[PDB]
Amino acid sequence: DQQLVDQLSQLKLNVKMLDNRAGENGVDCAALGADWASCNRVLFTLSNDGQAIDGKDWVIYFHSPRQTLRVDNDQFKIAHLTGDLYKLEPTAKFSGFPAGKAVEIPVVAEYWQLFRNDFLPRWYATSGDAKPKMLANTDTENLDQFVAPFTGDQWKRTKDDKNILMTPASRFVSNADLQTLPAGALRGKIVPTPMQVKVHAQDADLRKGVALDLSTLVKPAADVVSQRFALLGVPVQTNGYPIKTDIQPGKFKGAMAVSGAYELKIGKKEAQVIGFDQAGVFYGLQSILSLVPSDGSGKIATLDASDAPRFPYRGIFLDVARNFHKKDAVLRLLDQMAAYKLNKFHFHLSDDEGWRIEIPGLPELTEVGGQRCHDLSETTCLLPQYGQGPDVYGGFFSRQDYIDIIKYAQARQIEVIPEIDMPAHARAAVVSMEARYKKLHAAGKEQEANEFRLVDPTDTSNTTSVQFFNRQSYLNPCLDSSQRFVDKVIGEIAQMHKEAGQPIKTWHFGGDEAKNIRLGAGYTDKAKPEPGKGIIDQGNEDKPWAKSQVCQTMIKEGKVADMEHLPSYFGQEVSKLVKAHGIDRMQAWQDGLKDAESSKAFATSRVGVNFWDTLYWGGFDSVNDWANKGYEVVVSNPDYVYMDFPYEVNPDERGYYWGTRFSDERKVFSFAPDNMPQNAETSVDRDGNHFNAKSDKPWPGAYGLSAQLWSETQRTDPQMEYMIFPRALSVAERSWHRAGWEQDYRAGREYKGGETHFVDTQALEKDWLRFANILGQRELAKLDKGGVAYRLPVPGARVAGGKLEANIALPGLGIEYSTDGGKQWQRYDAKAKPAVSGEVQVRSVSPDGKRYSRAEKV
């Protein structure tokens, strides 16, 4: 009843990592069914400051990205519901939560939990009658409230992990090649770097404003520029410094004769931008704006530049499905994209845990699919996921919100690419269409009920998705109703884009992870168990749709060879629907199209792939095959450009980390997307090891670059901003500009980390030093003005010769220190270092002085 839930809600949870490598220390993880026999031991402690809790009619619900494999307190048991949702219940041996005591519940979980961020907030209790209530101390984004600090070598994945733990003292070393450059060295430095620039000695004075000639641009685009001058403190006035614009396509030739190319001339008395097109004029103006200083001086260098993008596709991907992000956050992101010349916004509007776009005629998609809540029937909500609590959590973009976003991107020269992921990652759609089926069926409207149904009622397939959903995560690609649904959704979204004035150019089908993870290599069968693998019953495991009667008859009429080819077949079918709606380009995650012959198998004349294999695993050679089969390769490697991964190897950092342990601003900048093998000399794998890379295959080149923000642990808008910025500025650089240390691809050349010395790393280092200085001394102050809650790096520090020496990853940023336990903070001056004794803590501060990094002790 309610009393029982009220009692449980007052239990205080404490989570403590016990052993991240339990398999190395005597636990038989294989016998517990752990993938690759890898498992960890965690302690859950529930403390009771009230009277004894003796009822047994209760369930405690919690979230975890890891499966629980064993519970080592026999008074309790843990069962999986679906996705990340688990339940803790009393067994027959349960004898209560004693008054004033703590109960300890040790568990064994699959894999490892290397970051405190792995542990999710908002545990909640239920009981018969009662409304669910959270365990109050867990109702927070501050993990310090319920998760103990990691100690010792608990951050290590294996005993052989070679990653380096980042503390002030080891960070000082990683940053020691950096120094603060004199302002003079940053004169005339546009970001992203222009193809060609000649800086002159005179400066142009913008203090009394600029007189803009934006006649070449449509009003909304011209308004963007005017607003941005004003934001950075340069008033627009007729009597100001004249900036003239023109469009002259005929002045550009060959590979410079592309959208976004421009010629820029900044003189002492006036400036002139000549674009190939409107994007080109807009970009030349963003280049001038990039030069506006953050010291209030309003002076910029005179110069002559000629520029054009290295790639036509310079993207940012955003997941709003896992956790929603508000329209205002999306707009702020589009502003920054335009400022650094990123032009493709890949909008992941749906997944298992949410559906975020209103679709005329299919209200259940947003009414049910748009919200999560504790509704076991999933008639009004999808089940809770990701530690957002038991109560309604969600949101979606109305049709007008969506049109607003498209207009906003269009003014900024950004193309909106909608993604409706299928045939896997489709639980929100499948469950919503099941609520629709039920509703209409109840009213006796059977044909309407079945019209858009995404389930074959005969299907009894036993399949487990990557996030531990079952067959409802997979829309059935064999149903005519499924094709009706796709067609309807394409139609409705294409209409919004037409209304917004930016007709869809690319439809993104998704296509990722359409498989049963239990048939993967790290699992083995109970009957003939291979050593080192998770022992499960694999005989009851099906490939997706294997038990669907409709898919079986499709295989018999000769349409598809086998069940495994369904995702690719479905992609071919969707391309026809895409083409039928007047869209001539389709894009997908490459694994979804792996069984298609070539780009020739699709109805659109253009087919792009987001290439998301990791390099150290072989991605440096497998990418060639996509380009050579006719696909436009959009480089999206998780080991460099996944922005849901941590900035540094520190257990208090945010992010997932399956593809790599960290990717900071520097690592992202150092990525060479058009000569993938060369990254073997400039980076390390996920365990900090050097790797080797070679390809003998032809490489025609990449079509683009994309950086992804997946939203599993980015529960809030500020968290999303922390994760994207400032490292998206490194993405903008690399997607626009090909550096001198980025070598031409050479078939048969083998780069061996730690061994070969093909790459010019001194050139790389010098380029990064300048770029880091431009961020710390100029651009982060502009992010402050755009209201973006970017990550502030923690300083590096050491104590030497009795004084504090501190440094930072982005030189120019302010540093503070405290010698009293972090109560009084003082500014660090490098030319008058402070004499220090005892415990010292350091933190950085934003240019506007309002925000601080996390504080760490040296």
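In this text, residue numbers run from 1 along the sequence as written.
Per the entry, higher mean C-alpha B factor between 34-42 and 55-63: Comparing 55-63 with 34-42, the higher average CA B-factor belongs to 55-63.
Entry-level comparison of average CA B-factors, 198-206 and 772-780, reporting the higher stretch: Higher mean C-alpha B-factor in the PDB entry: 198-206.
Per the PDB entry, maximal CA B factor within 285, 649, 392, 561: By C-alpha B-factor in the record, 561 ranks first.
734, 697, 171, 131, ranked by C-alpha B-factor: the highest one: The record points to 697.
CA B-factor ranking of residue 797, expressed as a third of its chain: Middle third of the chain for residue 797's C-alpha B-factor.
Residue 830 by Cα B-factor - lowest, middle or highest third of the modelled chain: Highest third - that is where residue 830 ends up once the chain's C-alpha B-factors are sorted.
Position of residue 215 among the chain's modelled residues by C-alpha B-factor, lowest, middle or highest third: For residue 215, whose C-alpha B-factor we compare with every modelled residue in the chain, the answer is the highest third.
Residue 597 - which third its CA temperature factor falls in, relative to the rest of the chain: It belongs to the highest third of the chain when residues are ordered by C-alpha B-factor.
Residue 837 - Cα temperature factor, lowest/middle/highest third of chain: As the PDB entry reports it, the C-alpha B-factor of residue 837 lands in the highest third of its chain.
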